[PDB]
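Take a look at this single chain in structure tokens; it is the form deposited without the ligand.
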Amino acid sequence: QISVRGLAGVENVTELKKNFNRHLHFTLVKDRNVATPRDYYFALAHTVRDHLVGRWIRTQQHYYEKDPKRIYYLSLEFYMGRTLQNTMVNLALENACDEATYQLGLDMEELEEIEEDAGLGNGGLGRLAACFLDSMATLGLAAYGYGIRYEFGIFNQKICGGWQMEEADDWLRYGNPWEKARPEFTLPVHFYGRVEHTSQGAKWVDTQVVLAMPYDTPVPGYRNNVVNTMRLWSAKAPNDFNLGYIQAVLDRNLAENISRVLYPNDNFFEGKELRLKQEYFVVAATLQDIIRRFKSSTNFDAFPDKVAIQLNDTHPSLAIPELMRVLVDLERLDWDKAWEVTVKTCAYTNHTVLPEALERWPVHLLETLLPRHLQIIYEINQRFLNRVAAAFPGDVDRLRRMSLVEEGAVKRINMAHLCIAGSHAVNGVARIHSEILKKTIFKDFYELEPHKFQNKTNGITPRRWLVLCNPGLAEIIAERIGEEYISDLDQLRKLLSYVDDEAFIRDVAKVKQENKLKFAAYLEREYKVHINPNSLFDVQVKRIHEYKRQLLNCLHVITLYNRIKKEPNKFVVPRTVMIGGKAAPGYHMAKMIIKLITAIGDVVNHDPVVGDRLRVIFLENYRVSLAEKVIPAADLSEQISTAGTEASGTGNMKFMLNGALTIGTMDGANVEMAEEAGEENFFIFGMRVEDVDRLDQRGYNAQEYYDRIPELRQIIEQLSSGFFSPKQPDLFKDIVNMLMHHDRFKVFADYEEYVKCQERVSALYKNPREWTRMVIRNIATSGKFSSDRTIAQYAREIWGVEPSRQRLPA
């Protein structure tokens, strides 16, 4: 139908149809008279999977023969979403499958909606890992993603009475056709025990064994016939486990609980024992796999030439002492040689500066669970602090600040400090964040080893986040500049030549309008909600957190409501304000914010005087597959975190690529996005980082803003008095109290500038031609934010390998 979806040749369509019917009969054991849409989805998924496997086997064979340097990306999270459509796009099968299914009397889009998201992540960090796997395959790198196969991913969110309720995400209920169990490659992982010192070094004995069973998922590159592997470990009890009889069998569940559920915290360190077990489990199993593959090509001098290990935050930081343990205790290398190998192999990416998000494990936990690792950590610390003392003699305070061991009521290990000491490269995820690392929290480390510190600005894959979710936009771009931009996003710069082209302006605006109609229809069908598709679609979708300032958006929404009630008969630009995202189950304030948003909607959406001029919608169960629907429909992207708190953001980049304008602070990657597009093509407001610092030095007093801004005072009075909660007048007192007395993120300090900037947005939206020209300037300069660019920089500057766009044979 459209050119970017590939060819639908007669023989291909014919062969897909016969294999579809073969899988329906032989694989699913169904005849056509009793098959449901779910059966048809599975028949298609198996048909498409067959096209992967030849390429998957050939790719892994190629790597075994050529023996390139191997990249191991270790993460506790991979937020993959759905696989069917992505696979078709990357194999150029989308039009052929569409045609083949059409001829069988089926609508492929309907079948795509049946697939469960693989929701094995919380948000941005997990989704970055997914985009990176896509870019690594597309750039022909011999890369492996290693993680945990959680039985239950991020919870499904239901809203009941305006409150979030959590239910289990039973994503494997109907099976996962994309994975292949590899029980033959099962490996032991040890816990507890104690350390014996013999004449032949240390020995970790009396341990409890849990088995790690791998499941492999294929990761196809974009049209290059490369298929890499994501390997996810599942926990299994050994067969002699506890072996009255019946209870011993039932107690196998305790070992297997390790891979049961994803901890649903975003930017918050909770620190449960079960979580520590997850971290070690992934590290221990992965390192054995790495070493096995290295031996099948004992001289570990070449280890760093054949292996790179990238640590996605500190969550797999135990890789450092585990590698030391294996090399010293099992392979009998001397300490110094082992340390040299470890440092050259490992690299660490930091994703946050929020103090509450940093992992600091109590010593007593490590002592009980991983006593050998704690000994190795103490040794690392003492040798590291010996270097600090020689570089900065007499600076005793520096020694305390840089220690891996944190003193206090409870002694803790600072895992970030461990990662820095044991890695040859430490990077932040956006220029401003990387600078903040060097000036604030890692300042001491930067002064000792300036050469370690780098920036690698985040990106997103243009396959999922343009071609897949927004085919109409992809097509009109392709009509002008061809298809090469899909694996070379800098080519979007050519679109600047069409900024005064009337046909292109019309086409960009038409695609957006189609995306909005399609999303407005989706809302009516699945959720019984009616929205005006001519209104400005004002969208904030991301995890619910105080730093992201969903509350500042709420204040603006109530301001617009109060202005309408004050002057009912004045024209205002109609808006649909959409906010979506999950709160961690333990995060009370985040749950209260969700309730506030739905409470505002209850008043605004049923006021007859407002009409369809203002609607507030809480988008339920925000996840990767919902992002693919709402982002292409957005006009305005809300990226309004307090300057200094969002390390990068990636949602911001998704909206830029899909034809929304951005309102935001100079935070994270927003800064680089404005630099690429021009500040005149961005709605920037609020305090810069330096302004936040000056306000902290003087002391943030929220009362001052309350006293000087009548419109803000009115809102706080409405909240306190029960205007938005008539049956429970004091329902929002914790929100009011926080805003007035304990606001770490300075919501009131940015209120005035935000409202004024929002007025400029509305003024531009009244002139569609100029709105659309500004959009073209954003899309055209979004090329820097391809994850292909990000990964090429990791490859050359950290991993020491050269990317490639060359195709393997088909």
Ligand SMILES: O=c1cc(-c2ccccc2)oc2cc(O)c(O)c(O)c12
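Just count from 1 along the sequence shown to find any residue number.
FYI, the form solved in complex with the ligand isn't displayed, but the following is about it.
request  = Would you point out which of 476-484, 539-547, 719-727, 611-619 contains residues with a non-hydrogen atom within 4.5 Å of the ligand in the entry with it bound?
outcome  = Going by heavy atoms within 4.5 Å, the stretch is 539-547.
Contacting member of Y700, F453, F268, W171, with respect to the ligand in the entry with it bound [4.5 Å, heavy atom] = Of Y700, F453, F268, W171, the residue with a heavy atom within 4.5 Å of the ligand in the entry with it bound is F268.
Listed residue that, although the ligand is not shown, lies within 4.5 Å of it in the entry with it bound (heavy atoms), from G201, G678, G586, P568 = Among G201, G678, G586, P568, a heavy atom within 4.5 Å of the ligand in the entry with it bound occurs only for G586.
task = Spell out, yes or no, whether the shortest heavy atom distance between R773 and the ligand in the entry with it bound is within 4.5 Å.
result = It does not: once the ligand is placed as it appears in the entry with it bound, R773 has no heavy atom within 4.5 Å of it.
ask   = According to a 4.5 angstroms non-hydrogen atom cut-off, is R744 in contact with the ligand in the entry with it bound?
value = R744: yes, in contact with the ligand in the entry with it bound.
ask   = Looking in the entry with it bound, any heavy atom of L354 within 4.5 Å of the ligand?
value = Within the cut-off, so yes.
request  = Determine the residues of 609-635 with a heavy atom within 4.5 Å of the ligand in the entry with it bound and present them in sequence order; the list may be empty.
outcome  = Stretch hits: zero.
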